[PDB]
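A.B. asks: Pasting a structure here, questions to come.
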Amino acid sequence: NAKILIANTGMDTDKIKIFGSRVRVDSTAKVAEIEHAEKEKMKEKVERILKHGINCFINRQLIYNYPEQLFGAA
Amino acid sequence: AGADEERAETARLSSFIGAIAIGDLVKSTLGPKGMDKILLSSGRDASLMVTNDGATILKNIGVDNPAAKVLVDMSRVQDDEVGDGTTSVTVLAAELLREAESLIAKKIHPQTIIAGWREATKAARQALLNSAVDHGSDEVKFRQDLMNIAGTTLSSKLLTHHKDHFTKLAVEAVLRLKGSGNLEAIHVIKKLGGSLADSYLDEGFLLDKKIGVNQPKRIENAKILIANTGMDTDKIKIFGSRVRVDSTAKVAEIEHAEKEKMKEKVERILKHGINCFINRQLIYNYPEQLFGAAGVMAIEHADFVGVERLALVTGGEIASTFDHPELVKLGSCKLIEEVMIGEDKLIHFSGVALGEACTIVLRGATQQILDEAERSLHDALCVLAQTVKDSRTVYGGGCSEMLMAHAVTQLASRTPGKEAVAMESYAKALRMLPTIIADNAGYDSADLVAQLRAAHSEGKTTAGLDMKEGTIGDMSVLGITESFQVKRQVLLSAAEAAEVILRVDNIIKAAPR
Amino acid sequence: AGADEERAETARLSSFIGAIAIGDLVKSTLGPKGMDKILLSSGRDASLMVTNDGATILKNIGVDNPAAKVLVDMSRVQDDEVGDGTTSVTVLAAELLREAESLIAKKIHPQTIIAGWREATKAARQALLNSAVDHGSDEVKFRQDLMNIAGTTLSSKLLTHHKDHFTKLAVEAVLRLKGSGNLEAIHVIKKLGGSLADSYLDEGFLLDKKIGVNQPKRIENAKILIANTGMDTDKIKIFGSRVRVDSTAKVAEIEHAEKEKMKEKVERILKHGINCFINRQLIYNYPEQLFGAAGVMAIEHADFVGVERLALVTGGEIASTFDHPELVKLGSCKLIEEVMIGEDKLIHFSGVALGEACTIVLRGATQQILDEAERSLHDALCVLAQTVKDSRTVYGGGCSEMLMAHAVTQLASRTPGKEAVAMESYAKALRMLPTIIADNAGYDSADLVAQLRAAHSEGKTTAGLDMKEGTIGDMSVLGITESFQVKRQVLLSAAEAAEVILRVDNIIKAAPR
């Protein structure tokens, strides 16, 4: 059912160009919220994707690992 | 200036030199008597490789600049068709070059001489689509499976006292690989313990590795797990830094977190009944204690290549995160155990449902000769697959060469003498082979040639050189045969490979000054 | 390629040279007056190895390109079945090559000549049926236990002035060894001193370690403790992880925790009266202070192999964690002490109730030759095991060789001319052995040959070469005998080993890596 998606930007996210710097945290537990932000990025990719019927994605660069699990199930 | 200086007389010479050096080594090899050769190199080579088969030795190493490696390369293509039995194709081509010395006597035009190669196609067509073959080989076929040509291939090889039994085993191996595969998933190893059989046939794949000091000796109703990712865990994305705590109570979670990793592996594992785990990499220590108590055997840094064959065998699996145990994993269960073969300790995987991929285990007496068997397997598998597919064969022992030689002698006088000298020479190339078969026997070469020619001339294809007899006899009784297409390609190939460098007078230079 | 290539006279010659080189070094070794040889080579050797036993040295080193390494490998298979005693099998095969010089006075096919090897089979049978041999040596046995073959193996060794007494002792050691126990628990060390006996038999085990300079000098009514796990504490299965504690006050509790490991050990120790503790690995310092005050002798990093042997001897133990002392462990209680037998101190374990697992300690002059005994005694254990198992033997001192030689001379003439030349060459090979044994004696070799042949042809199997006399004598009085299978295998092995070298003509080596 092949539909094609091409992206100028990688699936990789973090630095943007405004770092928020190298990050502290009193306990390991606080760093958990940071992981959650990454999760939102996965979900946006799937929510829009299912509606189109997306069968294949082609990216000219490195690809972030989280979406990869998503694509496999879909 | 640049490129290599060859045209006219020097160019012919490089082809000439390559052919003579190769022929002496291969000539010894032909026939049941066949002599084994030992070759020595010490850096990237384990030990002297005897390599009785001529085709295997030429391809493995490209020793020098003169042209011959490409001529050699074609023989494997022939091998794909069949191309083995006993090597003879390379020798005939080399002797074509010997009378080229005679050709300088003519002193002017080599092109008239060239039309002779076309003549050879006419001459060699009387060897293929002619004579008789055998008409057996229904495919699968239980009693015609071997005790024939494979034994003949091995007749030249020294090991054939106990070895001939091994050759018989190989056809069973070809029959099991029958199907939609091609030539893949065959693993062969050998052992230092002596027994009459000298080999054993196993139902599955063999791998040499062990989990550690602790763990159960054997498992039954075994289930197999393969993981892409190692069991090592901690830093992931964002280490969370290196942590200094405020007090003892906060640090409780770190030690406990490791336990969860242990819990997922045990709880998921127990339902399945997991008997064995294979990982192609380093493995974390915590699970190792669990596997021993559970009754599960794991493999550290298993070779990736071993794993891939195993996957076809067990039905495969999808390798990812700990979600892996259950349905995403397919387990094929018969018996997985570590067993003792005479002396060495090995782990055996067996009982494949698929049947598509299998492994052969060879034992042997304890000899230089024993390492020879490893050489033998590559040759064994190739001979039999082609023999069933071609459905055609020719008589070995020099029977094929003499018959053709009788036909070619007539041809030379037919053509005008200047042309005839070139055509006759191709024809006498055949004559030297009869001489060699008899010479290695120890019998007088002169007497043998005269008697050999008389029987072939008569019309009996079966008759050939009986080395054991010292005279001539029936080749068919011996059971020595060569495949039909080994002959079709050799006659076409020998001529044009040599021809491409003799056809041309002035050639390839660029622009020196 | 550029690999070494040889024809006719040179090819045969490379094989010819290898056989002659080995024979001169080995000849000194044979029979009751053998010579000790020391070989030195640079790199991956370390120190001088002197081997009286011919088989051990050939196996170890592949000095050069000329082929002989494969011939050497065959001796070991023989060794498992019987092996040692005296080495003569290699020598006989080498001399068969000398007559091949006469073979050039022929020229075409050596294989008809090869009929001699079949003839050699005929020779093997004559050896095996003729003579008289020995019968029983059935089991345990009172006076037939030694003063026979072990003495002869030693006879070729110089030490046999007082040494023959030592050889006699070794059979008693094999009697305990033999059974379903297989080959386990045998350890032998020579020591400084001076006595006529030159050896002591220890019912227990000999060790060389000390707790420290302090501790009781002698322990009586000794209790023995063996621990698999070390005295070191700080790991566990659950870590309590990386340790940082809010302030400095808490760390004091941890040191106190260490005291509990010390204290648990003492409480269990005092009731038992523990006299000795042996641990296979690193030992923690706290317990060390404890053992000294208690009056307990401990051993640090004792070798594991010594320990397993000891367990069978004492009554064994379930060597686990510190719960280990008491009923769960069985301790023999005769006497354990550190004794300066002469000027060097060792620790003696003795007085074992079980009776089957002993250790032998030897006394000698003070220098290498005594260590020669270490070489010889280890060899001795193998000799006795085979003699009882084979149930077959032949007379020593070369008695066997001359008798067979008399029979073979008739055989050469019996066959027709060409067979006779080859048949007689094999026969003359036996002649050198009588000469080799006499020459090392110190008596002129030529005188010895004539007298020897006359006595053997008479029909007396017992008569042989007596080096001590300077003439010939009765072998049986001496008590010298050779295991029977050494003779079956040498004759069978010698033929095909040598034969493969000759059967292949004009060895050619080319086109490798």
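Naming scheme: A, B, ... for chains in displayed order of the structure tokens; residues 1 onward per chain; ligands 1 onward as shown.
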Using only C-alpha atoms, find the residues of chain C whose closest atom to chain B is at most 7 Å away, then write them as a CSV table (one decimal) with N, CA and C atoms, in the first residue's frame.
C.D. replies:
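Now in part.csv:
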chain,number,residue,atom,x,y,z
C,108,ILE,N,63.1,-49.4,-12.4
C,108,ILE,CA,61.7,-49.0,-12.8
C,108,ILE,C,60.6,-49.0,-11.7
C,109,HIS,N,60.1,-50.1,-11.3
C,109,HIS,CA,59.0,-50.1,-10.3
C,109,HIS,C,59.4,-50.7,-8.9
C,241,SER,N,25.8,-2.4,47.7
C,241,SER,CA,26.4,-1.5,46.7
C,241,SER,C,27.6,-0.6,47.2
C,245,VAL,N,28.9,6.6,53.5
C,245,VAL,CA,28.1,6.7,54.7
C,245,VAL,C,28.1,8.1,55.3
C,246,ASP,N,26.9,8.6,55.6
C,246,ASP,CA,26.8,10.0,56.1
C,246,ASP,C,27.6,10.2,57.4
C,508,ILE,N,56.9,-34.0,-6.0
C,508,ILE,CA,57.0,-32.6,-6.5
C,508,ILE,C,56.1,-31.7,-5.7
C,509,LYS,N,56.7,-30.5,-5.3
C,509,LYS,CA,55.9,-29.5,-4.5
C,509,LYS,C,55.8,-28.2,-5.3
C,510,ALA,N,54.6,-27.7,-5.5
C,510,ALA,CA,54.5,-26.4,-6.2
C,510,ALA,C,53.1,-25.7,-6.2
C,512,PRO,N,51.6,-22.9,-4.3
C,512,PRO,CA,50.9,-22.6,-3.1
C,512,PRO,C,50.8,-21.1,-2.8
C,513,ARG,N,50.5,-20.8,-1.5
C,513,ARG,CA,50.5,-19.4,-1.1
C,513,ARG,C,51.7,-18.6,-1.4
A.B. asks: Out of stretch 189-325 of chain C, which residues get strand (DSSP E or B) from DSSP, as a list in words?
C.D. replies: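 Here are the strand (DSSP E or B) residues of stretch 189-325 of chain C: residues 189, 190, 191, 192, 199, 200, 201, 202, 205, 206, 207, 218, 219, 220, 224, 225, 226, 227, 276, 277, 278, 279, 297, 298, 299, 300 and 317 of chain C.
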A.B. asks: For residue A:69, please output as a count of residues only all residues within 12 Å (counting only C-alpha atoms; exclusion window: fewer than 5 positions along the same chain).
C.D. replies: 12
A.B. asks: Taking only C-alpha atoms into account and nothing else, which residues of chain A lie no more than 8 Å away from chain B? Please answer as a ChimeraX atom specification.
C.D. replies: /A:25,28,31
A.B. asks: Show which residues sit within 12 Å of stretch 3-18 of chain A, as number ranges by chain. Count only C-alpha atoms, and ignore same-chain residues fewer than 2 positions away.
C.D. replies: A: 1, 20-23, 34-35, 37-42, 44-45, 48-68; B: 237-238
A.B. asks: May I have the residues within 7 Å of residue C:211 as a PyMOL selection string, using only C-alpha atoms and disregarding those fewer than 3 positions away in the same chain?
C.D. replies: chain C and resi 297-300
A.B. asks: Please save N, CA, C and O atoms of the selected residues as a PDB file, in the first residue's frame.
C.D. replies:
ATOM      1  N   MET C 297      47.987 -25.529  62.810  1.00  0.00           N
ATOM      2  CA  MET C 297      48.835 -25.272  61.644  1.00  0.00           C
ATOM      3  C   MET C 297      48.002 -25.176  60.348  1.00  0.00           C
ATOM      4  O   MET C 297      47.332 -26.116  59.953  1.00  0.00           O
ATOM      5  N   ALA C 298      48.073 -24.024  59.684  1.00  0.00           N
ATOM      6  CA  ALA C 298      47.311 -23.784  58.447  1.00  0.00           C
ATOM      7  C   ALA C 298      48.197 -23.686  57.192  1.00  0.00           C
ATOM      8  O   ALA C 298      49.355 -23.306  57.254  1.00  0.00           O
ATOM      9  N   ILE C 299      47.632 -24.028  56.050  1.00  0.00           N
ATOM     10  CA  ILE C 299      48.358 -23.980  54.781  1.00  0.00           C
ATOM     11  C   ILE C 299      47.677 -23.012  53.801  1.00  0.00           C
ATOM     12  O   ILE C 299      46.484 -23.125  53.521  1.00  0.00           O
ATOM     13  N   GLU C 300      48.459 -22.068  53.284  1.00  0.00           N
ATOM     14  CA  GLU C 300      47.948 -21.041  52.369  1.00  0.00           C
ATOM     15  C   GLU C 300      48.236 -21.337  50.896  1.00  0.00           C
ATOM     16  O   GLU C 300      49.372 -21.623  50.514  1.00  0.00           O
TER      17      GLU C 300
END
A.B. asks: Just the number, please: distance in Å from atom CA of residue C:91 to atom CA of residue C:171, one decimal.
C.D. replies: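 So the two atoms, atom CA of residue C:91 and atom CA of residue C:171, lie 29.0 Å apart.
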A.B. asks: Run DSSP on the backbone and tell me which residues of stretch 5-47 of chain B come out as alpha helix (DSSP H); list them as a PyMOL selection string.
C.D. replies: chain B and resi 8-29
